[PDB]
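Engineer: Everything below, folded, please.
(15 chains)
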Amino acid sequence: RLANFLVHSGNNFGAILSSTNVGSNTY
Amino acid sequence: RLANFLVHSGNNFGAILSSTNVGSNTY
Amino acid sequence: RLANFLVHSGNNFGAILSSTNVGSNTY
Amino acid sequence: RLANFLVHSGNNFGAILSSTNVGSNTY
Amino acid sequence: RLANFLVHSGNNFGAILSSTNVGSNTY
Amino acid sequence: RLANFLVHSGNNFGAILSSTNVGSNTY
Amino acid sequence: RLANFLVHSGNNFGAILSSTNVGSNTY
Amino acid sequence: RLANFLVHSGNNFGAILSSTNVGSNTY
Amino acid sequence: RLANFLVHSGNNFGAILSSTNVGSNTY
Amino acid sequence: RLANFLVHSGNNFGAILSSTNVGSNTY
Amino acid sequence: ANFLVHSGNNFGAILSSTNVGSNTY
Amino acid sequence: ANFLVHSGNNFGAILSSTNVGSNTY
Amino acid sequence: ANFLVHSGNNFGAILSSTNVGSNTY
Amino acid sequence: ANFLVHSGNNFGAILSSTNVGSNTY
Amino acid sequence: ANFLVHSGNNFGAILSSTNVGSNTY
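Structural biologist: Residues are numbered from 1 along each chain as shown, chains lettered A, B, ... in the order given. Okay, here it is:
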């Protein structure tokens, strides 16, 4: 019985320019 | 019994320019 | 018995320009 | 019985330029 | 019974330029 | 008056999400 | 008056998330 | 008046998250 | 008046997170 | 008036986090 | 005499803004 | 005489801003 | 006489700003 | 006579700023 | 006569600033 939690809650990102893998969940 | 949770809740992104894989869930 | 959850709830995106894979779920 | 928690709550990012793997969860 | 917690709460990042692995959880 | 309630009394093995926008300018 | 309540009394093995925006300018 | 309550009385083995924005300019 | 309460009375084996922004300019 | 309370009376084996921003300019 | 010239300006996306790319007098 | 020239300016994204890329007099 | 010239300026992202890339007189 | 020249300036990201990349007189 | 020249300036990120990369007179 294995449980994996990847959560994003109430996060604010002002500006994202020429970036990669920002605010993402990767399994 | 395996459970995987990838959640995005209440996230705000002001501006995203020329970016990749922003605010995404990848399994 | 395997359950996978990829959820997007209440997310706001102001502007998305020339970007790829933004706010998406990929399995 | 194994449980893994990767959480992001109430984080603010002013500006992200030409960066990689910012504010992300990787399993 | 093993539990691993990787948490980010109330963190503020003013500006992130040409950086890698900032404010991220890696398992 | 605004009253927003999320009540849980049973056994939950899945995802329960609630998103609310009251009198807001959301982009 | 604003009243936001999250009440949990049962057994939870999953994710319970709540997001609220009241009178805000969200981008 | 603003009242934000998170109440937990049962057995929790998962994630319980709450995010609130009241009268804010969020980017 | 602002009242923010987090109350816990049961047995918690997981994550309980609360994030609040009241009358703020968040970037 | 601002009242921020975190009350714990039960048995906690996990993480309990609280983040609050009241009338602030956060970047 | 007052001369105002506006040319060749590219605007990506404008949200809830005022007096953008205009000749205001 | 007053001369104002605006040319070849690229703007990515503008949010809740005032007097951006404008000839204000 | 007053001469104001604006050319070849690249702006990435502008949020809650005033008088950006403008010829203000 | 007053001459103001602005050219070839790259701005990455601007947040809650005033009089950025402008010819203010 | 007054001459102000601005060229080839790279700005990474600007937050809550005033009179940045500008020709103020």
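Engineer: Residue A:27: neighbour count?
Structural biologist: For residue A:27, the neighbour count with other Cβ atoms under 10 Å in any protein chain shown is 18. Just so you know, the C-beta spots here come from the backbone N, C-alpha and C atoms, and that holds for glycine as well.
Engineer: Hmm, it is touching residue B:4, no?
Structural biologist: Yes. Applying Cβ atoms under 8 Å as the test, residue A:27 and residue B:4 come out as touching, 6.4 Å apart.
Engineer: Can you check which residues contact both of the two?
Structural biologist: A:4, A:6, B:27 (Cβ atoms under 8 Å, 6 or more residues apart in numbering or on different chains).
Engineer: and the first one, what element?
Structural biologist: Counting by DSSP states H and E, the element that carries residue A:4 is strand A:2-9.
Engineer: Show me what secondary structure element comes after that strand.
Structural biologist: strand A:12-13.
Engineer: by contact count, what packs against that next one?
Structural biologist: Under the contact criterion of 3 or more Cβ pairs under 8 Å, 6 or more residues apart in numbering or on different chains; DSSP states H and E, strand A:12-13 touches strand B:12-13, strand D:12-13.
Engineer: Residues contacting it, please?
Structural biologist: So strand A:12-13 is contacted by A:22-23, B:11-14, B:23, D:11-13, D:16, D:23, H:26-27, I:26-27 (Cβ under 8 Å, 6+ apart).
Engineer: picking that back up, for the helices and strands packed on strand A:12-13, please prepare JSON lines with the additional fields mean neighbour count.
Structural biologist: Below are the helices and strands packed on strand A:12-13 laid out as JSON lines (neighbours: other Cβ atoms under 10 Å in any protein chain shown):
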{"stretch": "strand B:12-13", "mean neighbour count": "28"}
{"stretch": "strand D:12-13", "mean neighbour count": "27"}
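Engineer: which parts of chain A sit against chain J?
Structural biologist: Taking Cβ under 8 Å from any Cβ of the partner chain, the part of chain A that reaches chain J is made up of residue A:14.
Engineer: Count the residues that sit near the residue of chain A found nearest chain H.
Structural biologist: Closest residue of chain A to chain H, Cβ to the nearest Cβ: residue A:10 (3.2 Å). By other Cβ under 10 Å, the residues close to residue A:10 number 32.
Engineer: what does chain A put close to chain D?
Structural biologist: So chain A meets chain D at A:1-27 (Cβ under 8 Å from any Cβ).
Engineer: Narrow the residues you listed to those that are buried.
Structural biologist: Buried subset of the residues of chain A next to chain D (neighbour count, 16 or more other Cβ atoms under 10 Å in any protein chain shown): A:3-27.
Engineer: What values do phi and psi take at the residue in chain A positioned nearest to chain K?
Structural biologist: For chain A, the residue closest to chain K is residue A:17, as judged by Cβ to the nearest Cβ, at 11.4 Å. Recorded main-chain torsions at residue A:17 are phi -130, psi 130, according to degrees, to the nearest 10.
Engineer: can I assume it is in contact with residue C:19?
Structural biologist: No. Contact between residue A:17 and residue C:19 fails when scored by Cβ under 8 Å: they sit 10.1 Å apart.
Engineer: Give the residues shared as contacts by those two.
Structural biologist: B:17-19.
Engineer: quick check, nearest of those residues to chain O?
Structural biologist: Nearest to chain O out of these is residue B:17 (Cβ to the nearest Cβ; 13.5 Å).
Engineer: if I look at the closest one, how far off is chain L?
Structural biologist: 5 Å (Cβ to the nearest Cβ, to the nearest Å).
Engineer: and that residue, bridged to which residues?
Structural biologist: For residue B:17, the residues forming beta bridges with it (DSSP bridges) are residue A:17, residue C:17.
Engineer: looking at it, it is touching residue C:22, isn't it?
Structural biologist: No. Counting by Cβ under 8 Å, residue B:17 stays clear of residue C:22, with 10.7 Å between them.
Engineer: and the residue in chain A positioned nearest to chain M, backbone torsions?
Structural biologist: At 4.0 Å from chain M, residue A:15 is the closest residue in chain A, using Cβ to the nearest Cβ. Note on residue A:15: backbone dihedrals following degrees, to the nearest 10 are phi -150, psi 140.
Engineer: Now do the contacts for it.
Structural biologist: Residue A:15 neighbours (Cβ under 8 Å, 6+ apart): B:14-15, B:17, D:14-16, L:13, M:12-13, M:15, N:13, N:15.
Engineer: if we go to 10 Å?
Structural biologist: B:13-17, C:14-15, D:13-17, E:15, H:27, I:27, L:12-13, L:15, M:12-15, N:12-15, O:13 (Cβ atoms under 10 Å, 6 or more residues apart in numbering or on different chains).
Engineer: ok, now residue A:11?
Structural biologist: Counting by Cβ under 10 Å, 6+ apart, residue A:11 has contacts A:23, B:8-13, B:23, C:11, D:8-13, D:23, E:8, E:11, E:23, H:19, I:19.
Engineer: one more time with 6 Å, if that's ok
Structural biologist: B:11, D:8, D:11 (Cβ atoms under 6 Å, 6 or more residues apart in numbering or on different chains).
Engineer: Likewise for residue A:25?
Structural biologist: So residue A:25 contacts A:6, B:6, B:25, D:25 (Cβ under 6 Å, 6+ apart).
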